[PDB]
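S.K.: work07.pdb is reproduced in full below (PDB, C-alpha atoms).
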ATOM      1  CA  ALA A2127       9.571 -15.633  -1.373
ATOM      2  CA  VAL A2128       9.073 -15.116   2.344
ATOM      3  CA  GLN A2129       5.709 -16.900   2.187
ATOM      4  CA  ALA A2130       7.305 -19.932   0.538
ATOM      5  CA  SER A2131      10.223 -19.878   2.979
ATOM      6  CA  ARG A2132       7.994 -19.833   6.058
ATOM      7  CA  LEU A2133       5.684 -22.528   4.738
ATOM      8  CA  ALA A2134       8.660 -24.747   3.892
ATOM      9  CA  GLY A2135      10.152 -24.350   7.350
ATOM     10  CA  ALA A2136       6.817 -25.042   9.010
ATOM     11  CA  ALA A2137       6.247 -28.239   7.066
ATOM     12  CA  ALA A2138       9.818 -29.392   7.673
ATOM     13  CA  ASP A2139       9.425 -28.763  11.416
ATOM     14  CA  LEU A2140       6.519 -31.108  12.273
ATOM     15  CA  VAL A2141       8.652 -34.248  11.879
ATOM     16  CA  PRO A2142       9.943 -35.511  15.262
ATOM     17  CA  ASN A2143      13.530 -34.708  16.168
ATOM     18  CA  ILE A2144      14.439 -36.734  19.291
ATOM     19  CA  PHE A2145      14.610 -40.504  19.145
ATOM     20  CA  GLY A2146      15.271 -43.672  21.068
ATOM     21  CA  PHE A2147      13.758 -43.832  24.533
ATOM     22  CA  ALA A2148      12.317 -40.314  24.254
ATOM     23  CA  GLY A2149      10.260 -39.536  21.180
ATOM     24  CA  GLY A2150       8.412 -36.667  19.591
ATOM     25  CA  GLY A2151       9.755 -33.181  20.071
ATOM     26  CA  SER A2152       7.746 -31.878  17.113
ATOM     27  CA  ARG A2153       6.393 -28.403  17.857
ATOM     28  CA  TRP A2154       2.671 -28.612  17.085
ATOM     29  CA  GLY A2155       2.263 -24.865  16.676
ATOM     30  CA  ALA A2156       4.617 -24.391  13.734
ATOM     31  CA  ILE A2157       1.855 -24.051  11.120
ATOM     32  CA  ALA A2158       0.075 -21.350  13.110
ATOM     33  CA  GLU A2159       3.380 -19.552  13.678
ATOM     34  CA  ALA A2160       4.149 -19.588   9.954
ATOM     35  CA  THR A2161       0.669 -18.271   9.112
ATOM     36  CA  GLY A2162       1.238 -15.542  11.691
ATOM     37  CA  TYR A2163       4.626 -14.517  10.358
ATOM     38  CA  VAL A2164       3.438 -14.337   6.765
ATOM     39  CA  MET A2165       0.259 -12.467   7.723
ATOM     40  CA  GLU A2166       2.062  -9.880   9.869
ATOM     41  CA  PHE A2167       4.701  -9.423   7.128
ATOM     42  CA  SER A2168       1.878  -8.718   4.645
ATOM     43  CA  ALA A2169       0.928  -5.543   6.549
ATOM     44  CA  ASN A2170       4.477  -4.177   6.307
ATOM     45  CA  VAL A2171       4.701  -4.869   2.592
ATOM     46  CA  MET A2172       1.380  -3.136   1.966
ATOM     47  CA  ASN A2173       2.665  -0.095   3.873
ATOM     48  CA  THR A2174       5.815  -0.017   1.726
ATOM     49  CA  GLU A2175       3.778  -0.354  -1.463
TER      50      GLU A2175
ATOM     51  CA  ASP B2079      -4.999  50.710 -28.579
ATOM     52  CA  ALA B2080      -1.675  49.269 -27.392
ATOM     53  CA  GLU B2081      -2.817  49.654 -23.780
ATOM     54  CA  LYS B2082      -5.895  47.627 -24.736
ATOM     55  CA  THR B2083      -3.603  44.907 -26.037
ATOM     56  CA  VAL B2084      -1.761  44.895 -22.703
ATOM     57  CA  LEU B2085      -4.965  44.394 -20.747
ATOM     58  CA  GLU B2086      -6.555  41.660 -22.820
ATOM     59  CA  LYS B2087      -3.393  39.665 -23.234
ATOM     60  CA  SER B2088      -2.778  39.702 -19.491
ATOM     61  CA  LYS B2089      -6.364  38.469 -19.186
ATOM     62  CA  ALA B2090      -5.454  35.422 -21.247
ATOM     63  CA  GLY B2091      -2.926  34.569 -18.527
ATOM     64  CA  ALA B2092      -5.538  34.971 -15.816
ATOM     65  CA  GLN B2093      -7.884  32.675 -17.724
ATOM     66  CA  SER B2094      -5.168  30.022 -18.034
ATOM     67  CA  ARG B2095      -4.606  30.162 -14.287
ATOM     68  CA  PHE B2096      -8.321  29.973 -13.544
ATOM     69  CA  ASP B2097      -9.075  27.009 -15.772
ATOM     70  CA  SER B2098      -5.951  25.103 -14.679
ATOM     71  CA  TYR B2099      -6.962  25.420 -11.020
ATOM     72  CA  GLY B2100     -10.515  24.392 -11.835
ATOM     73  CA  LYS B2101      -9.156  21.337 -13.631
ATOM     74  CA  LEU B2102      -7.212  20.472 -10.490
ATOM     75  CA  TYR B2103     -10.275  20.972  -8.326
ATOM     76  CA  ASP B2104     -12.971  19.051 -10.184
ATOM     77  CA  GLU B2105     -10.703  15.972 -10.441
ATOM     78  CA  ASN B2106      -9.370  16.389  -6.914
ATOM     79  CA  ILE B2107      -8.286  12.761  -6.350
ATOM     80  CA  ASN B2108      -6.804  10.794  -9.207
ATOM     81  CA  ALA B2109      -6.540   7.015  -9.703
ATOM     82  CA  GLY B2110      -3.328   6.828  -7.695
ATOM     83  CA  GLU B2111      -4.273   8.739  -4.580
ATOM     84  CA  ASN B2112      -7.292   6.558  -3.787
ATOM     85  CA  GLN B2113      -5.325   3.444  -4.693
ATOM     86  CA  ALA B2114      -3.077   4.194  -1.741
ATOM     87  CA  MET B2115      -6.141   4.662   0.482
ATOM     88  CA  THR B2116      -7.528   1.248  -0.436
ATOM     89  CA  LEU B2117      -4.118  -0.365  -0.065
ATOM     90  CA  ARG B2118      -3.458   1.242   3.312
ATOM     91  CA  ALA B2119      -6.884   0.322   4.648
ATOM     92  CA  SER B2120      -6.455  -3.312   3.611
ATOM     93  CA  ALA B2121      -3.569  -3.592   6.097
ATOM     94  CA  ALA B2122      -5.867  -2.512   8.951
ATOM     95  CA  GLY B2123      -8.144  -5.545   8.479
ATOM     96  CA  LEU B2124      -5.533  -8.213   9.339
ATOM     97  CA  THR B2125      -5.659  -7.666  13.115
ATOM     98  CA  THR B2126      -8.388 -10.216  13.783
TER      99      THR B2126
END
Will you turn the file into structure tokens for me?
M.R.:
Amino acid sequence: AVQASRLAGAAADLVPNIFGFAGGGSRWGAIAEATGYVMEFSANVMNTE
Amino acid sequence: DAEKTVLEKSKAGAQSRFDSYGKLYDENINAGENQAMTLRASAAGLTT
């Protein structure tokens, strides 16, 4: 569930969010951040298990 | 003769203790204990 949630937020974040005379605003690192969050969560769940 | 019965039937208890401890020794780690070792060590490999 957390893996799906983080991937969904990452994909939904790359679209630009400011418009008109200034464009872009899409954080390019979001996919690497989501892979980092899910891969550091994995260690905690393996310790619990 | 009754004293003989006392001795040999206490020996049956000593044998049950001896074989039970040997059964715990020869199979020292079961399928669950090493499963935790493998699972714990897999978490150590995510650092890179």
S.K.: I need the output of the PyMOL selection byres ((chain A) within 7 of (chain B)) for this file as a PyMOL selection string; which residues are they?
M.R.: chain A and resi 2169+2172-2173
S.K.: What gap, in Å, lies between CA of residue 2163 in chain A and CA of residue 2112 in chain B?
M.R.: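 According to the coordinates, CA of residue 2163 in chain A and CA of residue 2112 in chain B are separated by 28.0 Å.
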S.K.: Pull out every residue that the PyMOL selection byres ((chain A and resi 2160) around 10) matches in the shown coordinates and put them as a list in words.
M.R.: residues 2129, 2130, 2131, 2132, 2133, 2134, 2135, 2136, 2137, 2155, 2156, 2157, 2158, 2159, 2161, 2162, 2163, 2164, 2165 and 2166 of chain A
S.K.: At what distance in Å, to one decimal, does CA of residue 2151 in chain A lie from CA of residue 2138 in chain A?
M.R.: 13.0 Å
S.K.: What separation in Å, quoted to one decimal, exists between CA of residue 2104 in chain B and CA of residue 2085 in chain B?
M.R.: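 Separating CA of residue 2104 in chain B from CA of residue 2085 in chain B is a distance of 28.6 Å.
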S.K.: Quick test: take chain A, keep C-alpha atoms, and write it as a PDB file, in the first residue's frame.
M.R.:
ATOM      1  CA  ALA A2127       0.000   0.000   0.000  1.00  0.00           C
ATOM      2  CA  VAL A2128       2.771   2.440   0.835  1.00  0.00           C
ATOM      3  CA  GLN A2129       4.637   1.478  -2.346  1.00  0.00           C
ATOM      4  CA  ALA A2130       1.565   2.213  -4.464  1.00  0.00           C
ATOM      5  CA  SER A2131       0.902   5.462  -2.598  1.00  0.00           C
ATOM      6  CA  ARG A2132       4.428   6.787  -3.110  1.00  0.00           C
ATOM      7  CA  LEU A2133       4.542   5.798  -6.764  1.00  0.00           C
ATOM      8  CA  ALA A2134       1.175   7.466  -7.383  1.00  0.00           C
ATOM      9  CA  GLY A2135       2.284  10.692  -5.735  1.00  0.00           C
ATOM     10  CA  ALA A2136       5.551  10.701  -7.655  1.00  0.00           C
ATOM     11  CA  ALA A2137       3.853  10.254 -11.008  1.00  0.00           C
ATOM     12  CA  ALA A2138       1.241  12.888 -10.177  1.00  0.00           C
ATOM     13  CA  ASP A2139       3.984  15.351  -9.191  1.00  0.00           C
ATOM     14  CA  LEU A2140       5.960  15.627 -12.462  1.00  0.00           C
ATOM     15  CA  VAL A2141       3.219  17.635 -14.199  1.00  0.00           C
ATOM     16  CA  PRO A2142       3.941  21.399 -14.090  1.00  0.00           C
ATOM     17  CA  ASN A2143       2.075  23.457 -11.518  1.00  0.00           C
ATOM     18  CA  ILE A2144       2.698  27.158 -12.293  1.00  0.00           C
ATOM     19  CA  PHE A2145       1.372  28.698 -15.476  1.00  0.00           C
ATOM     20  CA  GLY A2146       1.115  31.826 -17.556  1.00  0.00           C
ATOM     21  CA  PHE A2147       4.284  33.873 -17.834  1.00  0.00           C
ATOM     22  CA  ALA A2148       6.217  31.511 -15.551  1.00  0.00           C
ATOM     23  CA  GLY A2149       6.106  27.829 -16.395  1.00  0.00           C
ATOM     24  CA  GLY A2150       7.354  24.526 -15.088  1.00  0.00           C
ATOM     25  CA  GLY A2151       7.680  24.078 -11.362  1.00  0.00           C
ATOM     26  CA  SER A2152       7.757  20.289 -11.711  1.00  0.00           C
ATOM     27  CA  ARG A2153      10.231  18.781  -9.249  1.00  0.00           C
ATOM     28  CA  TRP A2154      12.454  16.516 -11.353  1.00  0.00           C
ATOM     29  CA  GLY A2155      13.612  14.443  -8.398  1.00  0.00           C
ATOM     30  CA  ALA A2156      10.229  13.066  -7.355  1.00  0.00           C
ATOM     31  CA  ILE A2157      10.788   9.593  -8.836  1.00  0.00           C
ATOM     32  CA  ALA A2158      14.105   9.175  -7.034  1.00  0.00           C
ATOM     33  CA  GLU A2159      12.536  10.422  -3.800  1.00  0.00           C
ATOM     34  CA  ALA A2160       9.702   7.904  -4.091  1.00  0.00           C
ATOM     35  CA  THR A2161      12.152   5.062  -4.778  1.00  0.00           C
ATOM     36  CA  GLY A2162      14.098   6.196  -1.720  1.00  0.00           C
ATOM     37  CA  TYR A2163      11.088   6.327   0.566  1.00  0.00           C
ATOM     38  CA  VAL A2164       9.843   2.900  -0.460  1.00  0.00           C
ATOM     39  CA  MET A2165      13.325   1.368  -0.222  1.00  0.00           C
ATOM     40  CA  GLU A2166      14.054   2.807   3.236  1.00  0.00           C
ATOM     41  CA  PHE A2167      10.578   1.727   4.435  1.00  0.00           C
ATOM     42  CA  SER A2168      11.368  -1.826   3.260  1.00  0.00           C
ATOM     43  CA  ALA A2169      14.160  -2.118   5.855  1.00  0.00           C
ATOM     44  CA  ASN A2170      11.792  -1.205   8.698  1.00  0.00           C
ATOM     45  CA  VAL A2171       9.172  -3.699   7.581  1.00  0.00           C
ATOM     46  CA  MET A2172      11.759  -6.472   7.364  1.00  0.00           C
ATOM     47  CA  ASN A2173      12.860  -5.653  10.921  1.00  0.00           C
ATOM     48  CA  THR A2174       9.254  -5.872  12.142  1.00  0.00           C
ATOM     49  CA  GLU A2175       8.730  -9.169  10.330  1.00  0.00           C
TER      50      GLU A2175
END
